[PDB]
Each structure stands twice: as structure tokens, then as C-alpha cells.
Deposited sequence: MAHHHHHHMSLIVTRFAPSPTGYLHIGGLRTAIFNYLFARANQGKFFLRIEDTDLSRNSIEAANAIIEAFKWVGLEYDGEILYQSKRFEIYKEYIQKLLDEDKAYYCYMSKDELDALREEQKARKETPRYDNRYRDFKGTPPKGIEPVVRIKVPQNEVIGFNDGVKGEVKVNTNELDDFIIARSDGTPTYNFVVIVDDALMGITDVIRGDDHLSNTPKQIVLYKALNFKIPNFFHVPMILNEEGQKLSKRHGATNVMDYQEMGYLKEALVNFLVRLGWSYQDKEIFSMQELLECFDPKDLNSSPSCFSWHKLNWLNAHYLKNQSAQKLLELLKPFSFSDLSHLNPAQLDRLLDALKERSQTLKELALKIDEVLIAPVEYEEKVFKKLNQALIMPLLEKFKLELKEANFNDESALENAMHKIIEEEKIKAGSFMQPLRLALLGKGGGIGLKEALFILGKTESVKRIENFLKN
């Protein structure tokens, strides 16, 4: 069966994670059945603010990797198309000109003009039942008496969002629409427009909105709704998609999915009607997994915008990533731990430095400096001055790493250059 879906978001300044989730559902439905998936940008005006917003949505779309068929459709490039359908409804007396204000209509609905530019409103047939079988909620019915004559064209002639969606959906042959429960009230209004223009009504799937940790609606008050913020936070594109597709959808008790697995087992009949919650632990658990399943060369290219240290080390000097990969969850956390090893310490932790015998620690490091200088690149040496390991390992760690609980001293000596290790010990003695 041929499936034609799209992603036509309402005007936003960027790509929201909630909109990314909806775009994934619509994407997966088309790709699972070898259909077509489009991206439509609805710019109500050709201003500088809306041009940058469109580029931002396209930017996040490219980074995530959701490819679309054909070229991107813009609302500003289809101005004359929307005008003709609006005129058609007028000439058929299915739409009419209105000069009243909203406050006048609110009072009248509860009980040759000169100058004033009118708006165009659609004539909603009263005393009818608008119904549609939603793929998630089931049969949804609404009386037309609960729908007033809504605006389809403003006083300057510009069509509304609902009119632009249904025209573009009919001209593109959209067969299914997977939507969030937020826009559930716009669906009956779109159905009116569809029937008025004798257009085919695609199938609808209304999924619950994403909830936060406290069960509230996911909004800008949480502080992480822009998809490109997750890129700056250090999350991989594969982990972000795996996280969002799991909200409101579940297969067979599985948590990790590849792109080829989703494309071969996604089904909109499995969309859960129970709302899902946004979990930082779940997203980090996924992102830790995809980060650990990466290679070594790819990690070098991923860690470049996050690490202050340039990687000119040898293939074994991959040992740096072995110890930090398991203890890191994002590229930001991984690169920071890397900088804690490659970048030389500028200061020393006074919590452990002040509680150290300076008369005994200084000559002991020198005896090890020469003992290690004879060796090179991987068996280390142990001091034999009849002392515990802590009496020697704690000062050596402060000289090499400066902190209290970092990587093991055996790996840090090999990761760092044999000349760099001596340069750090000599700086500790100064």
C-alpha cells in the first residue's frame, strides 16, 4: 500500500523535539511501507525572521538525518494557489466576507460597508456530526454546532494555517497524518475545509503529547526543546532518534533500535494512547550506548568541537578512550575528561596537597623520575622503600593529573608523552 506522509509544522523559530518526534513517526510510516515523505515550511510572510526560522528547521533536519523526497515546499512560493481556492469558496457561497469584530460575533453567537477590510470565514454547516476514525483514539465525533464560522483568510488576503495545510495535503496526495493531541481541535476544522473543497480526507493518528518528569506538558519552561541544543550538549543523532521514537511507541519490550530495525518493524497501530514521560536517565542510557558502540576515528571527529586538546597521539596512545568511554554519557562529558588528561595542570588540589609531607614527597618523586626515564612505551615500576602504595601514588597523581580521582596512573603515563610526563613532575617540584 502506498503511503504519502509529510511534516508541515506550524510557525516556529526552530525545530522542537516534540515536532521532531512527529516528523519521525510520519517519516517511519512512509519508509516502512516504501512510501514518500515530504517537508513543508509554512512561512506566512517573507520577512527576515521567518527566513532564518526555516533555515533552522532545515539545519536540524539535516543533522538528524531524516531525508525527504522531492524538494521542500514553501508557503510563500504558492501564494496564488491558496488565493484561487479561497475565491472558489466565495463564488460558491461556501465562504463569505465578514466585517464584524470578534467581540461582536461572540455576543451574537450567544444570542455596503465602507473602509473596513473584511476577513473571509467558512460557512460551517450546522446541525451535523463530524466524525473520523482516528488510528489511536478511535471514533471521534463532534457536533458542528460546537464549531463557529472560523477565518480562512485574513483582512489582507493571507490564508490561515489550517487552510494552507489542507490545500497542500490534497495537492500532494497526503494519505495519512500522524499528529499530536495538541492539535486535536484543528482536525474537525480541517475536515470542514476538506469537504467544502471536495478533497479526500487522509487518515489521522493523534498521539499523546510528551510529558516531563512531573507529568506536566513538555514546554519551554523545561529548558531543552531545541533539537540543536541536544547537539551542543553532546548527544548523538542516533540516540536522539531512538529516544524520541520510544515516547508513545513500543515494540516488544525492546529499548535500543537501529534505523534499519525501525524501518522494518514500525507500525502506527502500535502507537500507545498512554502519555509517555521525558526521562533524562533513559536518554543518557541510550546516548551512553551509542557512544560506546562508536569507533575510534569517528570519535576523534565527534570530539573535535568539544575537546580543547588536539589529538596527535599514536593508535595505542586509543587507550585514552578505553577508560573514559564507559564512564561518560555525552560528548561534552567525554571531552572534558579527555582534557583532564591531555591538558597539563595549572594548579594543584589543596585538599590533598596541604596534607602531604613535603620533605618526603619531593625526593621520592625524583627517584621514580629517573627509574621511569630509563624505560619507555607497558609494565610500570613500584617503589621499594618499604612504604605503602598510597604514600607514593597520591603525590604522583597530583603531579600528573592534579585532581584526586581520575584515570589510573598506569594508563596516564603511556597516554602522555614520556617527555610530557617528566615535564609535569618537574613542574610539581618547582
No C-alpha positions exist for deposited residues 1-9, 121-140, 347-348, 409-417, 471
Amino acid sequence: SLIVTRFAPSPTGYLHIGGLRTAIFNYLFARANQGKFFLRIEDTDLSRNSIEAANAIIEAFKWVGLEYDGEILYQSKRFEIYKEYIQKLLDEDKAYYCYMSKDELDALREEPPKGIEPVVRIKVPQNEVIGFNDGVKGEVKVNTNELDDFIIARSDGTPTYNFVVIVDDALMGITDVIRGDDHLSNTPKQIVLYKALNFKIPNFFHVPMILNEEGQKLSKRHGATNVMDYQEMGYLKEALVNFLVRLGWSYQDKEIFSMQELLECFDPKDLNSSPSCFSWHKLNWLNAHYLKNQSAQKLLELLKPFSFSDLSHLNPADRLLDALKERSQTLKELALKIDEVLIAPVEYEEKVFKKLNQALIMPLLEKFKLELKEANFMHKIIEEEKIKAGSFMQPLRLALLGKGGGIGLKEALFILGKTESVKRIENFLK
From here on, numbers count along this sequence of modelled residues.
Looking only at C-alpha temperature factors in the entry, 133-141 or 171-179, the higher average sits in 133-141
Of 333-341 and 348-356, the stretch with the higher mean C-alpha B-factor in the deposited entry is 348-356
Among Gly65, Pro395, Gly404, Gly35, the highest C-alpha B-factor in the PDB entry belongs to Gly404
Scanning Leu28, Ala60, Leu372, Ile41 for peak Cα temperature factor in the entry gives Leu372
Entry-reported C-alpha B-factor of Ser10 relative to its chain, by third, is middle
By the entry's values, the third containing the CA B factor of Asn203 is the lowest
Chain thirds by Cα B factor, record data; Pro268 belongs to the middle
Entry-reported C-alpha B-factor of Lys325 relative to its chain, by third, is highest
Among the modelled residues of its chain, the C-alpha B-factor of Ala196 falls in the third labelled lowest
